[PDB]
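Novice: Quick one: the structure is below, questions incoming.
Cβ coordinates were reconstructed from backbone atoms using ideal geometry, including for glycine residues, and neighbour counts include every protein chain displayed. All of this is worked out from the model, or read from it or from the source named; none is laboratory data.
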Amino acid sequence: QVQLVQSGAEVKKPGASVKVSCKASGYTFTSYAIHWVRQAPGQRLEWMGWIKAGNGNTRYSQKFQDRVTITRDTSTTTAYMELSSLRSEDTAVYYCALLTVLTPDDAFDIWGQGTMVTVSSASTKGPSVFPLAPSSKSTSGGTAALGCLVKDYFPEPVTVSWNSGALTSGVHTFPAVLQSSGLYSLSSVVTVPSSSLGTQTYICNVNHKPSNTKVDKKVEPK
Amino acid sequence: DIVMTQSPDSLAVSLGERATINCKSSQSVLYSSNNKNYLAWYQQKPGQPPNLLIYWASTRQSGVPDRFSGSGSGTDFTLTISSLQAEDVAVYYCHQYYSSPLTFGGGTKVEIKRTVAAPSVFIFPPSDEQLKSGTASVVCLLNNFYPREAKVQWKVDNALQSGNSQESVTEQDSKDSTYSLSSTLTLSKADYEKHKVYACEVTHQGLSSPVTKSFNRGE
Amino acid sequence: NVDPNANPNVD
């Protein structure tokens, strides 16, 4: 029950500002300092700053002093990070974390799930979702493959779940590819018993927050 | 800034074998007053946030398996996984909290070497729905293979295709240590309707000859 | 010379 829940992925134009939230829960909020760390794609973790959730004092990295502001709302047990004058280079995953609460008895370290922020001039586009239906050409040796093709969206990320999260085993959601059009595309697939295609129901749940798009697609045989 | 440098950037070792990761810091992170190294090790499994493994250079976080251990002092530190398990697929980062700003190493990606496994191959014709939109995507799925190297060629009516397909490979699976791969051939509807036979041909170390899955458009 | 305010969560 101790956890940090961050706000959802966002897209912004260069020069704009973004504000990410970190809802804390399960411990006494004012006791510990909340840090903000960013992870640029294919790169290391970059510390941005921390705020003491009690007295609200802050410390920022010199790399980000100019244009980061870290605040906290004691009544809602929430911490916020605002990055302004955004540039395309600021495209990254932003994490809030209780980094290394080190005491004699315990060590306590908790991270939020991350918030992907894309800074781009390109237009936002929600995906088209198509079934990858099981048939004789995707069934072999008692196993059937099926999936959903999530085509032509921008920016990342799309999240894919199956059966509202009840189906996770055997699921492969592939890394997106960049199409020549500048839009992304991916597939999510799952292998299941071919014998149970007649009795089981498979629904891919696709969510693209930047375009506020949500699609549930039932994937049926043939 | 205390710069953190990890070595190697990547390593592959077999299941059950020892994996060692190195980290060097610009300055010493050993505090003379309490003789403690202000250094931690984090694990980041695919798609998940970092997870604390070691702190004070050599103290295991509660719940971390005993096979993870940390050693070193001053500027030189090591993370050792004594017997690598499938679930240890991750990027590992060293971290210093001796001075501001806090800094992290560049990360080391750990791959598991398991037994050779040939891919299962599946193919999906375009959906009737996508054909209405005017495009045809043909998806070839290569499931649960190891090692990662695999070659996929497309043939339309036995003619080798070039320049109309894209591939994507998964991260290594945390349970069976395999990869999967998708190759998608994209045509216009009008181009799709010019040909009958669509085929995906797969080459992999675990196969003695190529495996082909194919379908006739309209069946 | 440790900086105690690098991470106030470290005792």
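Novice: From the list B:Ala57, B:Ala117, exactly one residue is at positive phi and touching a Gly at 6+ places or on another chain (Cβ under 9 Å). Which is it?
Specialist: Of B:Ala57, B:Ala117, the one residue that is at positive phi and touching a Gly at 6+ places or on another chain (Cβ under 9 Å) is B:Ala57.
Novice: Any residue at all in the range A:19-29 that is on the phi < 0 side of the Ramachandran plot, polar (S, T, N, Q) and without any contact (Cβ under 8 Å) to a residue 40 or more places away in the chain?
Specialist: yes
Novice: For the range A:170-185, which residues satisfy the criterion of being touching a strand residue (DSSP E or B) at 6+ places or on another chain (Cβ under 8 Å) and of a type in the set (S, T, N, Q)?
Specialist: A:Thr173, A:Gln179, A:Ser181, A:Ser185
Novice: Something else about it: Taking the range B:202-216 as the search range and keeping residues that are away from chain A (no Cβ under 12 Å) and crowded, with 16+ Cβ neighbours inside 10 Å, which one is nearest to B:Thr115 (Cα to Cα)?
Specialist: Per the stated criteria, the residue is B:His204.
Novice: Here is a further query. Report whether or not A:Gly15 is of a type in the set (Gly, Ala, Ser), without any contact (Cβ under 8 Å) to a residue 24 or more places away in the chain and not assigned by CATH to the domain that holds A:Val158.
Specialist: So A:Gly15 does not fit the description; no.
Novice: Just to verify a result, which residue in the range B:134-148, among those that are touching a residue at least 40 places away in the same chain (Cβ under 8 Å) and facing chain A (nearest Cβ under 7 Å), is nearest to B:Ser180 (Cα to Cα)?
Specialist: Restricting to residues being touching a residue at least 40 places away in the same chain (Cβ under 8 Å) and facing chain A (nearest Cβ under 7 Å), the top hit is B:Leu141.
Novice: To continue, here is another question. Looking at the range A:22-41, which of its residues are buried (at least 18 other Cβ atoms within 10 Å of the Cβ) and either touching a helix residue (DSSP H, G or I) at 6+ places or on another chain (Cβ under 7 Å) or outside any loop (DSSP other than H, G, I, E, B) (or both)?
Specialist: Result: A:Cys22, A:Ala24, A:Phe29, A:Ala33, A:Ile34, A:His35, A:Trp36, A:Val37, A:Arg38, A:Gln39.
Novice: Yes or no: A:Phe154 at the interface with another protein chain (Cβ under 9 Å from one of its Cβ atoms) and over 18 Å from B:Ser182 (Cα atoms)?
Specialist: no
Novice: Under 9 Å between Cβ atoms, which residue pairs at least 6 apart in sequence (or on different chains) link something in the range A:104-123 that is facing another protein chain (nearest Cβ under 7 Å) and free of Cβ contacts under 8 Å to residues at least 40 places away in the same chain with a partner that is surrounded by 21 or more Cβ atoms within 10 Å (Cβ to Cβ) and of a type in the set (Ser, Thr, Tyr)?
Specialist: Going by the 9 Å Cβ cut-off, the qualifying pairs are A:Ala107/A:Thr100; A:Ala107/B:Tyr55; A:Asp109/A:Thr100; A:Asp109/B:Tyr42; A:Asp109/B:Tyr55.
Novice: OK, next. Count, please, the residues in the range B:69-99 that happen to be within 25 Å of the chain's Cα centre (by Cα) and within 14 Å of another protein chain (Cβ to nearest Cβ).
Specialist: Result for the range B:69-99: 7.
Novice: Identify the residue in the range B:179-201 that is more than 13 Å from chain A (Cβ to nearest Cβ) and within 31 Å of the chain's Cα centre (by Cα) and, among all such residues, is surrounded by the fewest Cβ atoms within 10 Å (Cβ to Cβ).
Specialist: My answer is B:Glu201.
Novice: Right, another one. So for the range A:160-181 (the condition being in a loop (DSSP other than H, G, I, E, B), more than 10 Å from chain B (Cβ to nearest Cβ) and crowded, with 18+ Cβ neighbours inside 10 Å), does at least one residue qualify?
Specialist: No, that holds for no residue.
Novice: Show the residue pairs that are 6+ apart or on different chains and have beta-carbon atoms under 7 Å apart, the first residue being within the range B:100-127 and within 11 Å of chain A (Cβ to nearest Cβ) and within 19 Å of A:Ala144 (Cα to Cα), the second being crowded, with 23+ Cβ neighbours inside 10 Å and among the aromatic types (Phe, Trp, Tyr).
Specialist: Here the result reads B:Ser127/A:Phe130, each pair linking the range B:100-127 to a residue that is crowded, with 23+ Cβ neighbours inside 10 Å and among the aromatic types (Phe, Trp, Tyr).
Novice: When the residues of the range A:182-205 are narrowed to those that are more than 12 Å from A:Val219 (Cβ to Cβ) and of a type in the set (A, V, I, L, M), which ends up farthest from the other protein chains (Cβ to nearest Cβ)?
Specialist: For the range A:182-205, the residue satisfying everything is A:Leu183.
Novice: Right, next: Restricting to the range A:30-81, and then to whatever is among the acidic types (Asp, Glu) and either closer than 29 Å to A:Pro155 by Cα or touching a residue at least 60 places away in the same chain (Cβ under 8 Å) (or both), can you tell me which residue is nearest to the other protein chains (Cβ to nearest Cβ)?
Specialist: Checking each candidate, the answer is A:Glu46.
Novice: In addition: I'd like to check which strands (runs of 3 or more DSSP E) are fully inside the range B:1-77 and have at least 3 residues that are of a type in the set (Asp, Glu) and in contact (Cβ under 8 Å) with a residue 60 or more places away in the chain.
Specialist: Correct list: empty, since no element meets the threshold.
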